[PDB]
Novice: 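I am attaching a structure below and will ask some questions about it afterwards.
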Amino acid sequence: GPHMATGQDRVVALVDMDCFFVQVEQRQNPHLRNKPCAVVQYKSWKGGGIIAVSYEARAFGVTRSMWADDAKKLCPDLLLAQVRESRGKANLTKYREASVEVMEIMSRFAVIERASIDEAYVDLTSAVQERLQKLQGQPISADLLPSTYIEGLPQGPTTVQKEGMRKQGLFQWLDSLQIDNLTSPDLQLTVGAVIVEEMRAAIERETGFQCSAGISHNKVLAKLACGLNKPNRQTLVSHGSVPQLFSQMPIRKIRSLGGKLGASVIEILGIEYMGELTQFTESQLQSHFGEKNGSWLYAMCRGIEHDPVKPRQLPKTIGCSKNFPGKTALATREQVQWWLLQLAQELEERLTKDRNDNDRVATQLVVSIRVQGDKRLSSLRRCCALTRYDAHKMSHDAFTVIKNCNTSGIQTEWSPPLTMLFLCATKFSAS
DNA sequence: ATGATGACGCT
DNA sequence: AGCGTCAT
Ligand SMILES: Nc1ncnc2c1ncn2[C@H]1C[C@H](O)[C@@H](COP(=O)(O)NP(=O)(O)OP(=O)(O)O)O1
Ligand SMILES: [Mg+2]
Ligand SMILES: [Mg+2]
């Protein structure tokens, strides 16, 4: 009781852009705004693969991974924006540059951990402490939380529209707050939410992009919270909200449990919801899923997690990849060499920009391929030295380290045909 | 015939 | 090192 940790020591937010690549294209092309629209990659195979979808289009059932020709059957008026293609492949530069716009604004408020092209975790523990002193015991107005939901509220003995509900919950939360105790975790979360309102206002003002956010005591809860009221809203998940929230929360919805581990938790334990994990001892969970995973599950199902927000705003690897599906699999040596060069050229461009912007150099080159028949993401990875940002040298070196995979006796050919090439620059050092 | 990426764990 | 998992 007195010595039980409650995982309420930090304030962590997760900020995730709403239909990010779509907003990037809508900002650029006003004709796309407030329309069902999607971002597509490679127009020739069935209109292109959809990689992002506006909320207007989601209402028709359009999803990521859908072929655009198929999406158009669901949504005949769907508008599309195409990803740029350079050197025969998708070029995501526009979206990486937009991401930097957003990450640079977030970084003004606090230390961030870049988690994807469109989201970052924020450790607000310090900013909250300082804001609480300046707020010398002074209450927090609902006007300071105009887009905040309080998960689990309203509740109890007590409107039929969304915003009425939001407000009722926020009112219940604020009315019950203990503002004279600067160490109240619920107060710390609330002030955290005020800061995230400010952050999200800054992003929208300075970029035009809308986003959602979660505010809680750790990364897994903040990420889960972010998604509860997307788009263009933020959600506070308190420690106290966890038992009800988790009581019907499918295990696969929790970060890192969406794959085989989560499926094994479900099968082995015979459970469906996160909250059901509380029934097991830490030793029991470790017995089934290993020391690290077992400890992690034991704490997480109680709303407790210690994974820190890492101070990292920049990616640790820079890579370029291309698939060659079906009949397009590379079958000749000259083919393989041409495409390695295309990849190397793009990688060179990105590395050179990276070294100028960020004062660092990559020192290792990883070359990965996939062969026909293999369902694995990669069939084979080999590394070599990256000593010069030169595309012809990188492409030549990549060929050298993989050319032995050519099981064939031919000279002119390549077998088995290659269904993927991947060049990744790694192991950065200061420069 | 999703694709193009990116982080991190395991042995 | 090279492979596998999980992720957007
Ligand atoms: N499997 C994938 N393959 C290629 N690009 C992808 C991708 N998943 C996402 N992207 C690209 C395209 C996405 O725009 C961007 C962010 O991904 P999200 O945050 O998962 N989804 P969004 O921001 O679109 O919508 P909302 O967050 O409101 O649900 O990353
Ligand atoms: Mg997003
Ligand atoms: Mg995201």
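Numbered from 1 within each chain, the chains take letters A, B, ... in sequence-line order.
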Novice: How is A/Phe20 classified with respect to the nucleic acid when contacts are heavy atoms under 4.0 Å: base, sugar-phosphate, or nothing?
Specialist: nothing
Novice: For A/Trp296 and C/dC6, what is the distance between atoms CH2 and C1' respectively, to the nearest whole Å?
Specialist: 12 Å
Novice: Does a side-chain N or O of A/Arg96 approach OP1 or OP2 of B/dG6 to a distance below 4.0 Å, or not?
Specialist: yes
Novice: Whole angstroms only, please: what is the CZ-P distance between A/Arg87 and B/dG3?
Specialist: 21 Å
Novice: On DNA chain B, does the nearest nucleotide to A/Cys320 precede the nearest nucleotide to A/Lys327 from the 5' side, or the other way round? Give the residue.
Specialist: A/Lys327
Novice: Within the 4.5 Å heavy-atom criterion, are A/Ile215 and A/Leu14 side-chain neighbours or not?
Specialist: no
Novice: Among the candidates B/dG6, B/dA7, B/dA1, find the nucleotide nearest to the side-chain atoms of A/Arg312.
Specialist: B/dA7
Novice: Between A/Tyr95 and B/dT5, does any side-chain N or O lie under 4.0 Å from OP1 or OP2?
Specialist: no
Novice: Using heavy-atom distances to pick each residue's nearest nucleotide on DNA chain B, tell me which of A/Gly326 and A/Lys89 is more 5'.
Specialist: A/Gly326
Novice: For A/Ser256, answer base if it contacts any base atom (sugar-phosphate contacts may also be present), sugar-phosphate if it contacts only those atoms, and nothing otherwise; contact means non-hydrogen atoms under 4.0 Å.
Specialist: sugar-phosphate
Novice: Any side-chain N or O of A/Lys46 less than 4.0 Å from the OP1 or OP2 oxygen of B/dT2?
Specialist: no
Novice: Please work out if A/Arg64 contacts a base, only the sugar-phosphate, or nothing of the nucleic acid, heavy-atom cut-off 4.0 Å.
Specialist: base
Novice: Can you find a heavy atom in the side chain of A/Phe20 that is under 4.5 Å from one in the side chain of A/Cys211?
Specialist: no
Novice: What is the distance from CG of A/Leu377 to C1' of C/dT5, rounded to the nearest Å?
Specialist: 10 Å
Novice: I'd like the P distance from C/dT8 over to B/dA1, given in whole Å.
Specialist: 24 Å
Novice: Only pairs with both distances under 3.5 Å count, Watson-Crick or wobble alike; so what is the partner of B/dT2 in this structure?
Specialist: none
Novice: Give the nucleotide from the list C/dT8, C/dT5, B/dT2 with an atom nearest to the side chain of A/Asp16.
Specialist: C/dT8
Novice: Mind calculating the distance between CD1 (A/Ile112) and P (B/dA7) to the nearest angstrom?
Specialist: 14 Å
Novice: How close or far is atom P of C/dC6 from atom NZ of A/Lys260, stated in whole angstroms?
Specialist: 7 Å
Novice: Check every atom of B/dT5, B/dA1, C/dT5 against the side chain of A/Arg350 and return the nucleotide holding the closest atom.
Specialist: B/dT5
Novice: In terms of side-chain heavy atoms of A/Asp118, which of C/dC6, C/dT8, B/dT5 is nearest?
Specialist: C/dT8
Novice: Are A/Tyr273 and A/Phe246 an aromatic pair by the rule of ring centers under 6.0 Å?
Specialist: no
Novice: Could you tell me how far apart A/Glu97 (CD) and B/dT5 (P) are, to the nearest whole angstrom?
Specialist: 14 Å
Novice: Using the benzene-type ring in the case of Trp, are the ring centres of A/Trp339 and A/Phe422 under 6.0 Å apart?
Specialist: no
Novice: Compare the minimum distances between each of C/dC6, B/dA1, B/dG3 and the side chain of A/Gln41, then state the nucleotide with the smallest one.
Specialist: B/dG3
Novice: Considering only side-chain heavy atoms of A/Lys316, which listed nucleotide, B/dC8, B/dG6, B/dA1, is closest?
Specialist: B/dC8
Novice: Do the side-chain N or O atoms of A/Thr317 get closer than 4.0 angstrom to the phosphate oxygens (OP1, OP2) of B/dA7?
Specialist: yes
Novice: Looking at the side chain of A/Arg255, which of B/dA4, C/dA7, C/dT8 is the nearest nucleotide?
Specialist: C/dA7
Novice: Whole-Å distance between B/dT5 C1' and A/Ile51 CD1?
Specialist: 11 Å
Novice: Just compare B/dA4, B/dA1, C/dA1 and give me whichever is closest to any side-chain atom of A/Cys383.
Specialist: C/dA1
Novice: Tell whether A/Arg381 reaches the base of C/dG4 with its side chain through a donor-acceptor pair below 3.5 angstrom.
Specialist: yes
Novice: Hey, does A/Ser86 have a side-chain heavy atom less than 4.5 Å from the side chain of A/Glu346?
Specialist: no
Novice: Let's see if you can work this out: which of B/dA1, B/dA4, C/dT8 has an atom nearest to the side-chain heavy atoms of A/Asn323?
Specialist: B/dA4
Novice: May I ask you to test the A/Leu421-A/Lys89 pair for a side-chain heavy-atom distance under 4.5 Å?
Specialist: no
Novice: Identify the residue among A/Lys94, A/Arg96, A/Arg27 that makes a salt bridge (charged side-chain N to carboxylate O under 4.0 Å, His left out) with A/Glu101.
Specialist: A/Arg27
Novice: Which listed nucleotide (C/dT8, B/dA1, B/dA4) is nearest to the side chain of A/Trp45?
Specialist: B/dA1
Novice: Starting at atom NZ of A/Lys253, determine the distance to atom P of C/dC6, rounded to an integer number of angstrom.
Specialist: 16 Å
